[PDB]
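Participant: Encoded as structure tokens, here's the structure I'll be asking about.
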Amino acid sequence: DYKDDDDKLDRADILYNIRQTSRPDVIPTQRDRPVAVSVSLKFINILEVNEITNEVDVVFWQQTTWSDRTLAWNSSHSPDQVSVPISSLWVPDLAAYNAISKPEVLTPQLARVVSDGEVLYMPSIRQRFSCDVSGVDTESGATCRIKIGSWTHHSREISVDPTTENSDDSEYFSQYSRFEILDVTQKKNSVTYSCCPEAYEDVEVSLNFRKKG
Amino acid sequence: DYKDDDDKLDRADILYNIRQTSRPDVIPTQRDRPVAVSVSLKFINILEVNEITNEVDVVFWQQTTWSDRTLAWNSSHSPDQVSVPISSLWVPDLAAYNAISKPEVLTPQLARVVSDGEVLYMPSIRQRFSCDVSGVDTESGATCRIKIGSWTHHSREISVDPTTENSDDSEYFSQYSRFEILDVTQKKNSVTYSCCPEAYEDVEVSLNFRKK
Amino acid sequence: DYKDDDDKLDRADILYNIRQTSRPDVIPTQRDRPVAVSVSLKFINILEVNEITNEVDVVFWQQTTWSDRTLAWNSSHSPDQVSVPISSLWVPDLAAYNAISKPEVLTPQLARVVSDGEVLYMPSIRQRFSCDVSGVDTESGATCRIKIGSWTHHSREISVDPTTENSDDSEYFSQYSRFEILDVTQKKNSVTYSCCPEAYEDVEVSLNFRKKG
Amino acid sequence: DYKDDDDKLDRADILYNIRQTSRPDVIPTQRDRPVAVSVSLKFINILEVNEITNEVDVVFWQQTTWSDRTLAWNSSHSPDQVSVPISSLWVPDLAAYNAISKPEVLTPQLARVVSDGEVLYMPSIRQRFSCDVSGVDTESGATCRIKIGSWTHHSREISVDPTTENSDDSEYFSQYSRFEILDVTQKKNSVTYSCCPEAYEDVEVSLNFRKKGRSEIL
Amino acid sequence: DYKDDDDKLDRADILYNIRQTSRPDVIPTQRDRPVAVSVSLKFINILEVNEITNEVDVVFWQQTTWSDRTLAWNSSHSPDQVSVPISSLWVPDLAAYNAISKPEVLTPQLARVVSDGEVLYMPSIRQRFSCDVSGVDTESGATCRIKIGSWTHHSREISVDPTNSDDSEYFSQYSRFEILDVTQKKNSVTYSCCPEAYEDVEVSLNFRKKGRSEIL
Ligand SMILES: Nc1nc(-c2ccsc2)cc(N(Cc2ccccn2)Cc2ccccn2)n1
Ligand SMILES: Nc1nc(-c2ccsc2)cc(N(Cc2ccccn2)Cc2ccccn2)n1
Ligand SMILES: Nc1nc(-c2ccsc2)cc(N(Cc2ccccn2)Cc2ccccn2)n1
Ligand SMILES: Nc1nc(-c2ccsc2)cc(N(Cc2ccccn2)Cc2ccccn2)n1
Ligand SMILES: Nc1nc(-c2ccsc2)cc(N(Cc2ccccn2)Cc2ccccn2)n1
Ligand SMILES: *[C@@H]1O[C@H](CO)[C@@H](O)[C@H](O)[C@H]1NC(C)=O
Ligand SMILES: *[C@@H]1O[C@H](CO)[C@@H](O)[C@H](O)[C@H]1NC(C)=O
Ligand SMILES: *[C@@H]1O[C@H](CO)[C@@H](O)[C@H](O)[C@H]1NC(C)=O
Ligand SMILES: *[C@@H]1O[C@H](CO)[C@@H](O)[C@H](O)[C@H]1NC(C)=O
Ligand SMILES: *[C@@H]1O[C@H](CO)[C@@H](O)[C@H](O)[C@H]1NC(C)=O
């Protein structure tokens, strides 16, 4: 109930409940099925681009959602959501397979837990990537691909799925960048390796962008 | 009362009281209202500016205040204020929406808690931003807008109070900067997204500056 | 077995068992044999190569395995593997002898523990090294050698061993790199110092690579 | 007693006593008087001087002393002093008001606690400052002022005091630096803001320095 | 007993014993004498030198030993040594007095404790220093001196002693520089402000650029 959002004792009790039930290191699989993790990158800035080394330096908001129904509660007379330090929650062990620098989180490491068990997590991340920068100076642009998946959980445990397939992130991308976004595509993809018998799901984010004229 | 400020045992007891009552992870909402957080930036320096990439590197003191009256105490015969490590307190989850680097905090991470429950927190922060640098070499200067608000709390939980005086800006800005500040103004705005209907309040700080 | 992989309570119980049994600071010697640690570097990116200083800056996935049978469980009707934060596990104290920067871990610090007690750990690491960079711009390329072993455990305690002797690394290396790999060889190597009595059993990784034409 | 300095059990017991008594988060005010903190910067090196941005990058040892008589013990037959991790102690919340980088501490974060309750703390700090760099290439040199006080305690709570106003720092400054120090002056200074009531004390450190071999062909 | 080195329970038990006895924050002064700390720097690389600013950036293995007999155990039928996280141990508060950057430790922070109570600690450290780089491009080379001693313990509490080489087993063959000589000598430091003497090791790194181009 929105009207109870500012009831501090309710918020405290919800946080307590969440911390009692939460298993931060155990995947929250329900009904013996993979955890469905929804991922969408919203690019904010393209800071540096190197056509020689095929590297980009970018900032994006990583819109991330999943469900853990064990966290649910009846919010008929209490806040429908609270903010929770992610140290109290399981968070998917996502990583970009072509990152060449640490993900630098620029934002408070908090998630929102919804009373129906949904968890919303959106770090702003600055990170560098190895990807195809060729054509950045042309009108058709470069198409830089970023692959994001679970670092240790295979497809039977975690499914990593794109939320939206297409956008030019108009609400998000800085108008002040020297680059402009032509199109952002996000599709599912499965990866396997000769060493290991299982498949790993990821989202392939295709960033089509060019230098402004 | 100020006469009792240096009573050490009193200070220790106040710190104990604050730590027993404090909920560092819960917003301190009082009487069915959002936490009103006052935020004003006092710019100290402009260090690097890039008109090609539209990026600025600045240092500011982030004046931050809010109330948590559950922290209040009777100070008739005890200190009026104490310093408290912010790890012992709830602090607003503010973030700069157009920051392109982590906020580098240059100062001890302590706040003051006043006996009426007011909390004062003022980190000196160095941070880089993406903003409009065009006009920095002209006499009308550039206007770089920095937007700061809660990262996870919407308007019914945290409201931002942007109201501040700016006639004292020269007490703060370094005389040895390569840049000069012409004007600083702040206004409230609201931020919403297609995906997400709740409104998030922010303060837009318009920094109007130019190369000396 | 895989049909019980998503039994959350089972996973939680296995994580509990591992944490009860694990001794993170004690080498998992079994019988009276050294711990056999298998190491293979899968190169992802060669980012900087410095002609003059003989330095390279690389990203690699450090495939690392060893066994601790005390961690084993019956997975007839339970998950075959779980992810475990490495803070809960003993991990080999590996270091590159010719590293000239800290290993920067780019990925979640989790390992897999298998029900037969095998541990699988593979951080993505960015690190700089001092090695022979001569020939990088030639057909035959440069051969940069990286020596990896236990920092404090000698050969009676830990053996650091190669998995495969040669690798094409084609499933791993970035196709957008400005370099390409001719061969990666990884061989056993023993090191002694005149100051000190014991031998240290390490893996010598020879990265034969060149700038793309 | 100097003869008992190396009695390990005594040192352990002193460290235990200190940890039992210490309130790391509470100012050690005595007699309703402000804590007197003595600060003296001994410059070790001037790493970089940017004439375009008016910035210096320096290394200094921050000689810091104060007392907490609650920590005192009878050293008639026990060590005079011990080293203590500063995480076990209250330490003044000092900040440089014109710093433009974090203070990077190059030394183990230990203090000495003396049996009379004196605390001695001296980190080696590398840090960047915004200050007047003009004149660095002249004979009279540049004068870069660094202002250091408590970040959150006003003058009734902490007073910050220079140990000594004038030195050339001969025992400390590297002979291999590109620069040379003419004089370091450190004076008391009081800071107030029209926004806020009380006064904050600080030490104003004026670093008078110049480039070696300022005279060039071209 | 080396035959028992890999007895896991024995190792776990030794680790337990060490952690029960260890006082990580108290100097292990035995018999009212200062702790004798042995230090030898084995240089691995010289990464950058600047003859204008007189600064060097180097990597070295800091061979460090001292003893704490209270840690000693009977190894007749148990391991001779175990590795121990240094967070469980007292370690000397060493610092380089002319360092101009933080010591960057490149290696797992473990020490070996020997059953006679000897502790061996050897971090690989990357660090920058202010020292004399003049002469680096010449035959004679430069001689960069690095002073390392206790940051807070004077000579009555800690003595820091050198254990004379060109570091051939350690220095990188692929460095741009080459080492002519490394000497390490005892040294004593005092200040006007302060009575006590502080012991340090003064390390002299005599090195030069490889394959110089000179005017003959
Ligand atoms: N565009 C957007 N997307 C998501 C989101 C998240 C998952 S799917 C979609 C969440 C979100 N906000 C709520 C939120 C929840 C959790 C963490 C951070 N923020 C609003 C908002 C406004 C301004 C600064 C930051 N956030 N905003
Ligand atoms: N200009 C200014 N603004 C605020 C403030 C805070 C919120 S609204 C306004 C507080 C403040 N001081 C008290 C204080 C409280 C908390 C943290 C840090 N400082 C005095 C002062 C003096 C010199 C260095 C630093 N501070 N000074
Ligand atoms: N190529 C590959 N090798 C190993 C491996 C490990 C030891 S020997 C061989 C493990 C592994 N995965 C499982 C795993 C377990 C532990 C840590 C990290 N990853 C799948 C995978 C897929 C894509 C990104 C990362 N991981 N993938
Ligand atoms: N020059 C100097 N000044 C002070 C000092 C301190 C406060 S007022 C004056 C203390 C001090 N030493 C003792 C000490 C105590 C605490 C922390 C660090 N060191 C000797 C010394 C020698 C060489 C390296 C480091 N220290 N040396
Ligand atoms: N050359 C050398 N010196 C010492 C040493 C130490 C004190 S006096 C002499 C110790 C040592 N090793 C044992 C050891 C113990 C503690 C920490 C690290 N290493 C072998 C070794 C081999 C290769 C990489 C690393 N270590 N190696
Ligand atoms: C939640 O509580 C309300 C009573 O306030 C009740 O009407 C409703 O059925 C409850 N929901 C569930 C799922 O039990
Ligand atoms: C506070 O304490 C004083 C004396 O200790 C008393 O006079 C007063 O009534 C108390 N309450 C308030 C609100 O001042
Ligand atoms: C493993 O298999 C089943 C588990 O259901 C059980 O009968 C048996 O005791 C287990 N243990 C071993 C050693 O096989
Ligand atoms: C300290 O203790 C000694 C005995 O060990 C005694 O002679 C002396 O009077 C004591 N001093 C104080 C100040 O208590
Ligand atoms: C050590 O233990 C052995 C038995 O394990 C015993 O014979 C011996 O007396 C003990 N003491 C020494 C100093 O070896």
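Going through the structure tokens in order, the chains are called A, B, and so on, while each chain numbers its residues from 1 and the ligands are numbered from 1 in the order shown.
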Do you know which residues are within 7 Å of ligand 8 using only C-alpha atoms and all ligand atoms? Can you write them as a VMD selection string?
Facilitator: chain C and resid 74 76 to 77
Participant: Do you know which residues are at most 12 Å from residue 68 (chain E) counting only C-alpha atoms, after dropping those on the same chain fewer than 3 positions away, and could you put them as number ranges by chain?
Facilitator: D: 8; E: 18, 21-24, 26-31, 34-37, 65, 71-73, 89-92, 113-120
Participant: Residues within 10 Å of ligand 10, counting only C-alpha atoms and all ligand atoms: report them as JSON, numbers by chain.
Facilitator: {"E": [73, 74, 75, 76, 77, 78]}
Participant: Could you give me the residues within region 85-177 of chain B that DSSP places in strand (DSSP E or B), as a VMD selection string?
Facilitator: chain B and resid 85 94 to 96 99 104 to 105 110 to 114 118 to 121 124 to 130 142 to 150 158 to 161
Participant: Using only C-alpha atoms, what table do you get, as JSON lines, when you list each residue of chain A with an atom no more than 10 Å from chain B, its nearest pair of atoms, and their distance in Å rounded to one decimal, rows by chain then rising number?
Facilitator:
```
{"residue": "A:2", "atom": "CA", "partner": "B:156", "partner_atom": "CA", "distance": 8.2}
{"residue": "A:3", "atom": "CA", "partner": "B:32", "partner_atom": "CA", "distance": 7.9}
{"residue": "A:4", "atom": "CA", "partner": "B:32", "partner_atom": "CA", "distance": 7.4}
{"residue": "A:5", "atom": "CA", "partner": "B:157", "partner_atom": "CA", "distance": 6.9}
{"residue": "A:6", "atom": "CA", "partner": "B:32", "partner_atom": "CA", "distance": 5.0}
{"residue": "A:7", "atom": "CA", "partner": "B:32", "partner_atom": "CA", "distance": 6.4}
{"residue": "A:8", "atom": "CA", "partner": "B:29", "partner_atom": "CA", "distance": 5.7}
{"residue": "A:9", "atom": "CA", "partner": "B:26", "partner_atom": "CA", "distance": 8.9}
{"residue": "A:10", "atom": "CA", "partner": "B:26", "partner_atom": "CA", "distance": 9.9}
{"residue": "A:11", "atom": "CA", "partner": "B:26", "partner_atom": "CA", "distance": 6.6}
{"residue": "A:12", "atom": "CA", "partner": "B:26", "partner_atom": "CA", "distance": 6.1}
{"residue": "A:13", "atom": "CA", "partner": "B:26", "partner_atom": "CA", "distance": 9.7}
{"residue": "A:14", "atom": "CA", "partner": "B:26", "partner_atom": "CA", "distance": 9.9}
{"residue": "A:15", "atom": "CA", "partner": "B:26", "partner_atom": "CA", "distance": 7.9}
{"residue": "A:44", "atom": "CA", "partner": "B:98", "partner_atom": "CA", "distance": 8.0}
{"residue": "A:45", "atom": "CA", "partner": "B:100", "partner_atom": "CA", "distance": 7.9}
{"residue": "A:46", "atom": "CA", "partner": "B:53", "partner_atom": "CA", "distance": 9.7}
{"residue": "A:47", "atom": "CA", "partner": "B:53", "partner_atom": "CA", "distance": 7.6}
{"residue": "A:48", "atom": "CA", "partner": "B:53", "partner_atom": "CA", "distance": 8.9}
{"residue": "A:58", "atom": "CA", "partner": "B:100", "partner_atom": "CA", "distance": 8.9}
{"residue": "A:59", "atom": "CA", "partner": "B:100", "partner_atom": "CA", "distance": 6.9}
{"residue": "A:60", "atom": "CA", "partner": "B:100", "partner_atom": "CA", "distance": 9.8}
{"residue": "A:81", "atom": "CA", "partner": "B:153", "partner_atom": "CA", "distance": 9.7}
{"residue": "A:82", "atom": "CA", "partner": "B:153", "partner_atom": "CA", "distance": 8.4}
{"residue": "A:83", "atom": "CA", "partner": "B:152", "partner_atom": "CA", "distance": 6.6}
{"residue": "A:84", "atom": "CA", "partner": "B:25", "partner_atom": "CA", "distance": 7.4}
{"residue": "A:85", "atom": "CA", "partner": "B:25", "partner_atom": "CA", "distance": 7.7}
{"residue": "A:104", "atom": "CA", "partner": "B:102", "partner_atom": "CA", "distance": 7.7}
{"residue": "A:105", "atom": "CA", "partner": "B:102", "partner_atom": "CA", "distance": 7.3}
{"residue": "A:106", "atom": "CA", "partner": "B:102", "partner_atom": "CA", "distance": 4.9}
{"residue": "A:107", "atom": "CA", "partner": "B:95", "partner_atom": "CA", "distance": 6.0}
{"residue": "A:108", "atom": "CA", "partner": "B:93", "partner_atom": "CA", "distance": 6.0}
{"residue": "A:109", "atom": "CA", "partner": "B:93", "partner_atom": "CA", "distance": 9.0}
{"residue": "A:110", "atom": "CA", "partner": "B:152", "partner_atom": "CA", "distance": 7.1}
{"residue": "A:111", "atom": "CA", "partner": "B:152", "partner_atom": "CA", "distance": 7.3}
{"residue": "A:112", "atom": "CA", "partner": "B:152", "partner_atom": "CA", "distance": 7.1}
{"residue": "A:120", "atom": "CA", "partner": "B:152", "partner_atom": "CA", "distance": 9.6}
{"residue": "A:121", "atom": "CA", "partner": "B:152", "partner_atom": "CA", "distance": 9.2}
{"residue": "A:122", "atom": "CA", "partner": "B:152", "partner_atom": "CA", "distance": 9.0}
{"residue": "A:123", "atom": "CA", "partner": "B:151", "partner_atom": "CA", "distance": 9.1}
{"residue": "A:124", "atom": "CA", "partner": "B:97", "partner_atom": "CA", "distance": 8.8}
{"residue": "A:125", "atom": "CA", "partner": "B:100", "partner_atom": "CA", "distance": 8.9}
{"residue": "A:126", "atom": "CA", "partner": "B:100", "partner_atom": "CA", "distance": 7.2}
{"residue": "A:171", "atom": "CA", "partner": "B:193", "partner_atom": "CA", "distance": 7.1}
{"residue": "A:172", "atom": "CA", "partner": "B:193", "partner_atom": "CA", "distance": 9.0}
{"residue": "A:173", "atom": "CA", "partner": "B:98", "partner_atom": "CA", "distance": 9.9}
{"residue": "A:174", "atom": "CA", "partner": "B:130", "partner_atom": "CA", "distance": 7.5}
{"residue": "A:175", "atom": "CA", "partner": "B:131", "partner_atom": "CA", "distance": 8.5}
{"residue": "A:176", "atom": "CA", "partner": "B:131", "partner_atom": "CA", "distance": 6.0}
{"residue": "A:177", "atom": "CA", "partner": "B:53", "partner_atom": "CA", "distance": 6.5}
{"residue": "A:178", "atom": "CA", "partner": "B:53", "partner_atom": "CA", "distance": 6.0}
{"residue": "A:179", "atom": "CA", "partner": "B:53", "partner_atom": "CA", "distance": 9.2}
```
Participant: Would you mind listing the residues within 8 Å of ligand 3, counting only C-alpha atoms and all ligand atoms, as a PDB file with N, CA and C atoms, in the first residue's frame?
Facilitator:
```
ATOM      1  N   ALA A  95      28.805 -11.472 -15.516  1.00  0.00           N
ATOM      2  CA  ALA A  95      30.071 -10.914 -15.949  1.00  0.00           C
ATOM      3  C   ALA A  95      30.011 -10.767 -17.458  1.00  0.00           C
ATOM      4  N   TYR A  97      31.744 -11.280 -20.861  1.00  0.00           N
ATOM      5  CA  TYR A  97      32.798 -12.195 -21.275  1.00  0.00           C
ATOM      6  C   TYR A  97      33.927 -11.469 -22.019  1.00  0.00           C
ATOM      7  N   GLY A 149      26.830 -12.919 -19.163  1.00  0.00           N
ATOM      8  CA  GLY A 149      26.237 -14.150 -18.656  1.00  0.00           C
ATOM      9  C   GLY A 149      26.681 -14.454 -17.232  1.00  0.00           C
ATOM     10  N   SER A 150      26.105 -15.498 -16.650  1.00  0.00           N
ATOM     11  CA  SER A 150      26.546 -15.998 -15.359  1.00  0.00           C
ATOM     12  C   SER A 150      27.961 -16.504 -15.480  1.00  0.00           C
ATOM     13  N   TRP A 151      28.797 -16.174 -14.507  1.00  0.00           N
ATOM     14  CA  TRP A 151      30.173 -16.642 -14.556  1.00  0.00           C
ATOM     15  C   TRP A 151      30.297 -18.135 -14.221  1.00  0.00           C
ATOM     16  N   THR A 152      29.407 -18.660 -13.376  1.00  0.00           N
ATOM     17  CA  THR A 152      29.577 -20.028 -12.901  1.00  0.00           C
ATOM     18  C   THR A 152      28.349 -20.911 -13.024  1.00  0.00           C
ATOM     19  N   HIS A 153      27.192 -20.344 -13.355  1.00  0.00           N
ATOM     20  CA  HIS A 153      25.971 -21.155 -13.423  1.00  0.00           C
ATOM     21  C   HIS A 153      25.534 -21.414 -14.867  1.00  0.00           C
ATOM     22  N   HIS A 154      25.309 -22.684 -15.188  1.00  0.00           N
ATOM     23  CA  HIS A 154      24.912 -23.084 -16.535  1.00  0.00           C
ATOM     24  C   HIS A 154      23.409 -22.927 -16.716  1.00  0.00           C
ATOM     25  N   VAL A 191      26.340 -20.377 -25.052  1.00  0.00           N
ATOM     26  CA  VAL A 191      27.751 -20.645 -25.254  1.00  0.00           C
ATOM     27  C   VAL A 191      28.106 -22.013 -24.686  1.00  0.00           C
ATOM     28  N   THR A 192      28.889 -22.784 -25.436  1.00  0.00           N
ATOM     29  CA  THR A 192      29.465 -24.024 -24.914  1.00  0.00           C
ATOM     30  C   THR A 192      30.962 -24.058 -25.186  1.00  0.00           C
ATOM     31  N   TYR A 193      31.684 -24.851 -24.406  1.00  0.00           N
ATOM     32  CA  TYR A 193      33.135 -24.978 -24.566  1.00  0.00           C
ATOM     33  C   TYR A 193      33.498 -26.447 -24.611  1.00  0.00           C
ATOM     34  N   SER A 194      34.532 -26.789 -25.376  1.00  0.00           N
ATOM     35  CA  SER A 194      34.925 -28.191 -25.543  1.00  0.00           C
ATOM     36  C   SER A 194      35.307 -28.849 -24.216  1.00  0.00           C
ATOM     37  N   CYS A 195      35.780 -28.045 -23.273  1.00  0.00           N
ATOM     38  CA  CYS A 195      36.183 -28.564 -21.970  1.00  0.00           C
ATOM     39  C   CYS A 195      35.020 -29.096 -21.135  1.00  0.00           C
ATOM     40  N   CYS A 196      33.845 -28.499 -21.308  1.00  0.00           N
ATOM     41  CA  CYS A 196      32.787 -28.608 -20.306  1.00  0.00           C
ATOM     42  C   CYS A 196      31.425 -28.900 -20.943  1.00  0.00           C
ATOM     43  N   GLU A 198      28.157 -28.515 -20.237  1.00  0.00           N
ATOM     44  CA  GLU A 198      26.910 -27.739 -20.160  1.00  0.00           C
ATOM     45  C   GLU A 198      26.928 -26.459 -21.001  1.00  0.00           C
ATOM     46  N   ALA A 199      25.753 -25.864 -21.202  1.00  0.00           N
ATOM     47  CA  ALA A 199      25.646 -24.608 -21.945  1.00  0.00           C
ATOM     48  C   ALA A 199      25.406 -23.435 -21.005  1.00  0.00           C
ATOM     49  N   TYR A 200      25.886 -22.270 -21.414  1.00  0.00           N
ATOM     50  CA  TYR A 200      25.781 -21.070 -20.605  1.00  0.00           C
ATOM     51  C   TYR A 200      25.011 -20.033 -21.393  1.00  0.00           C
TER      52      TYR A 200
ATOM     53  N   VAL C  39      46.678 -26.113 -13.871  1.00  0.00           N
ATOM     54  CA  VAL C  39      46.535 -24.728 -14.296  1.00  0.00           C
ATOM     55  C   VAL C  39      46.671 -24.627 -15.805  1.00  0.00           C
ATOM     56  N   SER C  40      45.682 -24.021 -16.460  1.00  0.00           N
ATOM     57  CA  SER C  40      45.796 -23.658 -17.869  1.00  0.00           C
ATOM     58  C   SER C  40      45.319 -22.221 -18.105  1.00  0.00           C
ATOM     59  N   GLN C  62      42.059 -18.052 -15.977  1.00  0.00           N
ATOM     60  CA  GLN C  62      42.943 -19.002 -15.319  1.00  0.00           C
ATOM     61  C   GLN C  62      42.210 -20.264 -14.913  1.00  0.00           C
ATOM     62  N   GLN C  63      42.143 -21.240 -15.813  1.00  0.00           N
ATOM     63  CA  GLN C  63      41.468 -22.499 -15.505  1.00  0.00           C
ATOM     64  C   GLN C  63      42.253 -23.245 -14.445  1.00  0.00           C
ATOM     65  N   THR C  64      41.653 -23.435 -13.270  1.00  0.00           N
ATOM     66  CA  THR C  64      42.375 -24.030 -12.149  1.00  0.00           C
ATOM     67  C   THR C  64      41.539 -25.140 -11.532  1.00  0.00           C
ATOM     68  N   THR C  65      42.120 -26.322 -11.362  1.00  0.00           N
ATOM     69  CA  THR C  65      41.385 -27.398 -10.724  1.00  0.00           C
ATOM     70  C   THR C  65      42.268 -28.146  -9.733  1.00  0.00           C
ATOM     71  N   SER C  83      27.925 -23.551  -6.801  1.00  0.00           N
ATOM     72  CA  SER C  83      28.897 -22.463  -6.738  1.00  0.00           C
ATOM     73  C   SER C  83      29.125 -22.071  -5.278  1.00  0.00           C
ATOM     74  N   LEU C 110      33.848 -16.822  -7.325  1.00  0.00           N
ATOM     75  CA  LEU C 110      33.155 -18.051  -6.991  1.00  0.00           C
ATOM     76  C   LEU C 110      33.863 -19.233  -7.618  1.00  0.00           C
ATOM     77  N   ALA C 111      33.769 -20.390  -6.984  1.00  0.00           N
ATOM     78  CA  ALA C 111      34.274 -21.602  -7.595  1.00  0.00           C
ATOM     79  C   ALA C 111      33.126 -22.586  -7.672  1.00  0.00           C
ATOM     80  N   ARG C 112      33.295 -23.620  -8.480  1.00  0.00           N
ATOM     81  CA  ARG C 112      32.373 -24.739  -8.474  1.00  0.00           C
ATOM     82  C   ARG C 112      32.979 -25.854  -7.648  1.00  0.00           C
ATOM     83  N   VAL C 119      37.351 -29.248  -7.324  1.00  0.00           N
ATOM     84  CA  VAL C 119      37.062 -27.821  -7.254  1.00  0.00           C
ATOM     85  C   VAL C 119      37.494 -27.184  -8.564  1.00  0.00           C
ATOM     86  N   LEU C 120      36.616 -26.367  -9.140  1.00  0.00           N
ATOM     87  CA  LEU C 120      36.885 -25.664 -10.400  1.00  0.00           C
ATOM     88  C   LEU C 120      36.866 -24.163 -10.156  1.00  0.00           C
ATOM     89  N   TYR C 121      37.983 -23.496 -10.425  1.00  0.00           N
ATOM     90  CA  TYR C 121      38.117 -22.061 -10.188  1.00  0.00           C
ATOM     91  C   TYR C 121      38.678 -21.435 -11.444  1.00  0.00           C
ATOM     92  N   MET C 122      38.039 -20.386 -11.959  1.00  0.00           N
ATOM     93  CA  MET C 122      38.552 -19.752 -13.165  1.00  0.00           C
ATOM     94  C   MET C 122      38.296 -18.256 -13.171  1.00  0.00           C
ATOM     95  N   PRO C 123      39.184 -17.489 -12.532  1.00  0.00           N
ATOM     96  CA  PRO C 123      39.017 -16.040 -12.569  1.00  0.00           C
ATOM     97  C   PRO C 123      39.455 -15.509 -13.927  1.00  0.00           C
ATOM     98  N   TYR C 172      38.383 -18.978 -27.106  1.00  0.00           N
ATOM     99  CA  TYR C 172      38.536 -17.960 -26.057  1.00  0.00           C
ATOM    100  C   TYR C 172      39.064 -16.609 -26.530  1.00  0.00           C
TER     101      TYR C 172
END
```
Participant: List all protein, DNA and RNA residues that have any atom at most 12 Å from ligand 6, counting only C-alpha atoms and all ligand atoms, and write the list as JSON, numbers by chain.
Facilitator: {"A": [1, 72, 73, 74, 75, 76, 77, 78, 115, 116]}
Participant: Work out how far CA of residue 25 (chain C) is from CA of residue 111 (chain E), in Å to one decimal.
Facilitator: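 Going from CA of residue 111 (chain E) over to CA of residue 25 (chain C), I get 11.9 Å.
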Participant: Please check which protein, DNA or RNA residues sit within 10 Å of ligand 7, counting only C-alpha atoms and all ligand atoms, and write them as JSON, numbers by chain.
Facilitator: {"B": [73, 74, 75, 76, 77, 78]}
Participant: Return as a ChimeraX atom specification every polymer residue, whether protein, DNA or RNA, with at least one atom no more than 9 Å from an atom of ligand 9; count only C-alpha atoms and all ligand atoms.
Facilitator: /D:73-78
Participant: Please write out the residues within 7 Å of ligand 4 as a PyMOL selection string, counting only C-alpha atoms and all ligand atoms.
Facilitator: (chain D and resi 63-65+110-112+120-123) or (chain E and resi 97+150-152+189-191+193-194+198)
Participant: Find the residues near residue 82 (chain B): any atom within 9 Å, counting only C-alpha atoms, skip ones fewer than 3 places away on the same chain, and give them as a PDB file with C-alpha atoms, in the first residue's frame.
Facilitator:
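Contents of the output file selection.pdb:
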```pdb
ATOM      1  CA  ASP B   5      29.971  20.097  25.185  1.00  0.00           C
ATOM      2  CA  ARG B  11      29.408  12.344  24.619  1.00  0.00           C
ATOM      3  CA  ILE B  14      25.023  10.062  23.446  1.00  0.00           C
ATOM      4  CA  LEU B  15      26.995   7.969  20.951  1.00  0.00           C
ATOM      5  CA  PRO B  79      26.394  18.354  24.619  1.00  0.00           C
ATOM      6  CA  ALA B 111      28.479  13.342  10.391  1.00  0.00           C
ATOM      7  CA  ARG B 112      27.264  15.603  13.156  1.00  0.00           C
ATOM      8  CA  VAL B 113      24.124  14.636  15.003  1.00  0.00           C
ATOM      9  CA  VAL B 114      22.373  17.540  16.738  1.00  0.00           C
ATOM     10  CA  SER B 115      20.290  17.037  19.904  1.00  0.00           C
TER      11      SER B 115
ATOM     12  CA  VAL D  26      34.722   9.796  21.283  1.00  0.00           C
ATOM     13  CA  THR D 152      33.744  17.986  12.098  1.00  0.00           C
ATOM     14  CA  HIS D 153      34.900  19.356  15.473  1.00  0.00           C
TER      15      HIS D 153
END
```
Participant: Could you name the residues that touch region 134-146 of chain D at 12 Å or less, counting only C-alpha atoms, but leaving out those on the same chain fewer than 3 positions away, as a VMD selection string?
Facilitator: (chain B and resid 174 to 176) or (chain D and resid 40 to 41 43 46 48 to 58 60 95 to 100 127 to 131 149 178 to 187 189 202 to 216)
Participant: Take CA of residue 159 (chain D) and CA of residue 34 (chain D) and report the distance between them in Å, one decimal.
Facilitator: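 That distance, rounded to one decimal, is 6.2 Å.
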Participant: Do a neighbour search on residue 201 (chain D) at 10 Å with only C-alpha atoms, toss out local chain neighbours closer than 2 positions, and write the hits as a PyMOL selection string.
Facilitator: chain D and resi 147-151+153-161+188-192+198-199+203-204
Participant: Got a sec to pull out which chain C residues are within 9 Å of chain E, counting only C-alpha atoms, and send them as a ChimeraX atom specification?
Facilitator: /C:23,25-35,52-55,93-103,130-133,151-153,156-157,193-194
